[PDB]
Amino acid sequence: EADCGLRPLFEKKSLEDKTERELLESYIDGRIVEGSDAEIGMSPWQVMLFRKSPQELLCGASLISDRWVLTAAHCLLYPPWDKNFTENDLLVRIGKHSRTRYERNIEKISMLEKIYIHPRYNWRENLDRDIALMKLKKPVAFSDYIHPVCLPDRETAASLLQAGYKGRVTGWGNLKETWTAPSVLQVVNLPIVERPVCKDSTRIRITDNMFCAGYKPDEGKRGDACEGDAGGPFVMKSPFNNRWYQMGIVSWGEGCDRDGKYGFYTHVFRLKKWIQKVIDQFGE
Ligand SMILES: C[C@@H]1CNc2c(cccc2S(=O)(=O)N[C@@H](CCCNC(=N)N)C(=O)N2CC[C@@H](C)C[C@@H]2C(=O)O)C1
């Protein structure tokens with residue numbers, strides 16, 4: 001996308017969201033709290049993936065063009081639970097801040113033309129390459145509240161996706177609500193963890209198409225990956241062109257809020273080839 005990574009209400013407008021300068025600095029602070037209410041238009045690529053019959057929220061996602069939504073394959077397909085949603089079992093709302101409040105002339109809704117899951121998406125073991133692209137029927141117009149997010153390049157992925165560096169999840173606590181055995185848009189900034197540690201922390205076979213984020217718990221923080229939503233986006237603001245890049249789809253995890261457990265994600269850049277191939281050779 002020629003226009004992405006720049007929020008209409010922020011970067012385009014010289015203003016900067018309260019908690020962002022702790023992302024560029026990747027500098028951790030003296031606070032127990034981590035996530036709270038997210039401000040108006042703080043993430044204009046956030047997409048609400050819905051089930052049709054009955055009506056319910058499934059996953060979060062991301063607008064990348066006026067045509068393509070990006071998400072975790074699991075949201076659409078999981079045969080251990082015979083979960084196979086077709087194009088017309090699902091819909092999307094964009095520009096939503098309040099979970100239960102229609103903002104007039106502001107929020108949009110759309111049905112899907114087609115669904116594209118990854119071919120060697122290993123849903124049989126560890127949800128390898130948990131990625132999926134959704135094409136829209138009627139295309140959406142970018143306003144102040146709807147804007148596409150950027151995709152990483154080789155320089156950005158090498159320079160940003162390292163341990164200690166920080167990223168950000170946004171959602172509506174779907175996850176938290178689903179596995180607690182909540183209202184307006186949530187934002188919680190998490191740091192990237194060492195792949196040596198990611199492995200170490202889980203009994204489950206991980207791949208390079210996967211990375212983890214969270215806090216090692218000898219530095220007691222209340223920063224949990226469950227305040228967002230499944231299939232949601234992981235984003236990191238680049239200090240080389242101000243642009244916000246999506247780095248990892250919220251993939252999977254063990255339990256939720258606990259010491260020395262981290263949210264694993266799809267390695268977006270590592271699959272940059274696939275995503276782009278379908279936009280270049282299928283839509284428009
Ligand atoms: C290979 C994975 C391993 N784990 C699981 C699987 C399936 C069902 C439930 C689990 S869970 O209990 O460990 N945890 C849930 C919820 C925890 C969310 N953690 C995060 N920090 N993201 C989960 O990972 N998943 C991912 C797979 C889907 C199918 C169910 C469920 C979810 O709703 O996100 C398959």
# chains A, B, ... in the order shown; residues from 1 in each chain; ligands from 1
>>> closest_atom_pairs(of="chain A", to="ligand 1", cutoff="8 Å", atoms="only C-alpha atoms and all ligand atoms", output="CSV")
residue,atom,partner,partner_atom_place_in_ligand_line,distance
A:74,CA,ligand 1,29 (C),5.5
A:75,CA,ligand 1,29 (C),7.0
A:78,CA,ligand 1,29 (C),6.1
A:81,CA,ligand 1,29 (C),7.9
A:123,CA,ligand 1,1 (C),7.8
A:125,CA,ligand 1,1 (C),6.0
A:126,CA,ligand 1,1 (C),4.1
A:127,CA,ligand 1,1 (C),5.6
A:175,CA,ligand 1,18 (C),6.1
A:178,CA,ligand 1,33 (O),7.0
A:179,CA,ligand 1,16 (C),6.4
A:204,CA,ligand 1,1 (C),7.6
A:224,CA,ligand 1,21 (N),7.6
A:225,CA,ligand 1,21 (N),4.8
A:226,CA,ligand 1,21 (N),5.2
A:229,CA,ligand 1,22 (N),7.7
A:230,CA,ligand 1,34 (O),5.0
A:231,CA,ligand 1,34 (O),7.5
A:250,CA,ligand 1,22 (N),5.9
A:251,CA,ligand 1,22 (N),5.8
A:252,CA,ligand 1,24 (O),3.7
A:253,CA,ligand 1,19 (N),3.4
A:254,CA,ligand 1,13 (O),3.7
A:255,CA,ligand 1,17 (C),5.0
A:256,CA,ligand 1,19 (N),5.5
A:262,CA,ligand 1,21 (N),6.5
A:263,CA,ligand 1,21 (N),4.0
A:264,CA,ligand 1,22 (N),6.5
A:265,CA,ligand 1,22 (N),7.9
>>> write_last_selection(atoms="C-alpha atoms", output="compact mmCIF listing (two decimals), in the first residue's frame")
# COMPACT_ATOMS: atom_id res chain seq x y z
CA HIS A 74 -7.73 -20.68 12.88
CA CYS A 75 -10.60 -18.12 12.93
CA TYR A 78 -10.14 -25.72 12.67
CA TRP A 81 -13.56 -28.72 16.16
CA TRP A 123 -3.71 -26.95 11.62
CA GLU A 125 -0.28 -29.76 15.29
CA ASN A 126 0.82 -26.21 16.15
CA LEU A 127 -1.16 -23.98 13.75
CA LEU A 175 -9.80 -13.86 24.26
CA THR A 178 -13.55 -16.71 26.02
CA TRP A 179 -10.99 -18.28 28.41
CA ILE A 204 4.95 -27.28 21.85
CA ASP A 224 -1.25 -9.84 29.25
CA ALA A 225 -1.86 -10.89 25.64
CA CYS A 226 -5.52 -11.79 26.25
CA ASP A 229 -8.63 -10.65 20.31
CA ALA A 230 -7.78 -13.87 18.52
CA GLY A 231 -6.53 -13.36 14.96
CA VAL A 250 -2.22 -12.99 17.22
CA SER A 251 -2.00 -16.73 16.65
CA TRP A 252 -2.20 -18.96 19.74
CA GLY A 253 -1.19 -19.45 23.39
CA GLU A 254 -1.38 -21.64 26.49
CA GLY A 255 -3.95 -20.56 29.10
CA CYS A 256 -3.81 -16.78 29.50
CA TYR A 262 3.90 -15.48 26.17
CA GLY A 263 1.55 -14.86 23.26
CA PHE A 264 2.79 -16.52 20.08
CA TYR A 265 2.19 -14.85 16.73
>>> select_by_dssp(residues="stretch 60-92 of chain A", states="strand (DSSP E or B)", output="list in words")
residues 60, 61, 62, 63, 68, 69, 70, 71, 77, 78, 83, 84, 90, 91 and 92 of chain A
>>> atom_distance(atom1="atom CA of residue A:85", atom2="atom CA of residue A:174")
18.4 Å
>>> closest_residue(among="A:7, A:69, A:102, A:37", to="residue A:132", atoms="only C-alpha atoms")
A:69
>>> closest_residue(among="A:26, A:105, A:19, A:266", to="residue A:211", atoms="only C-alpha atoms")
A:266
>>> select_by_dssp(residues="stretch 19-164 of chain A", states="alpha helix (DSSP H)", output="PyMOL selection string")
chain A and resi 21-24+154-160
>>> closest_residue(among="A:192, A:115, A:133, A:187", to="residue A:18", atoms="only C-alpha atoms")
A:187
>>> residues_around(residues="residue A:202", least_positions_apart="4", cutoff="9 Å", atoms="only C-alpha atoms", output="list in words")
residues 197, 198, 206, 254 and 261 of chain A
>>> residues_around(residues="residue A:260", least_positions_apart="3", cutoff="8 Å", atoms="only C-alpha atoms", output="list in words")
residues 201, 215, 216 and 217 of chain A
>>> residues_around(residues="residue A:55", least_positions_apart="2", cutoff="12 Å", atoms="only C-alpha atoms", output="list in words")
residues 49, 50, 51, 52, 53, 57, 58, 89, 90, 91 and 92 of chain A
>>> residues_around(residues="residue A:66", least_positions_apart="5", cutoff="10 Å", atoms="only C-alpha atoms", output="PyMOL selection string")
chain A and resi 1+135-136+138-142+146-148
>>> write_last_selection(atoms="C-alpha atoms", output="tab-separated table (two decimals), in the first residue's frame")
chain	number	residue	atom	x	y	z
A	1	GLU	CA	0.00	0.00	0.00
A	135	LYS	CA	-11.61	-10.26	0.04
A	136	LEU	CA	-14.49	-7.81	0.29
A	138	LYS	CA	-18.09	-3.74	-1.97
A	139	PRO	CA	-14.74	-1.92	-1.30
A	140	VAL	CA	-14.37	0.53	1.61
A	141	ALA	CA	-13.36	4.19	1.50
A	142	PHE	CA	-10.60	5.29	3.89
A	146	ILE	CA	-10.50	3.63	8.55
A	147	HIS	CA	-6.92	3.39	7.26
A	148	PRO	CA	-4.77	0.47	6.05
>>> closest_residue(among="A:221, A:176, A:240, A:120", to="residue A:155", atoms="only C-alpha atoms")
A:240
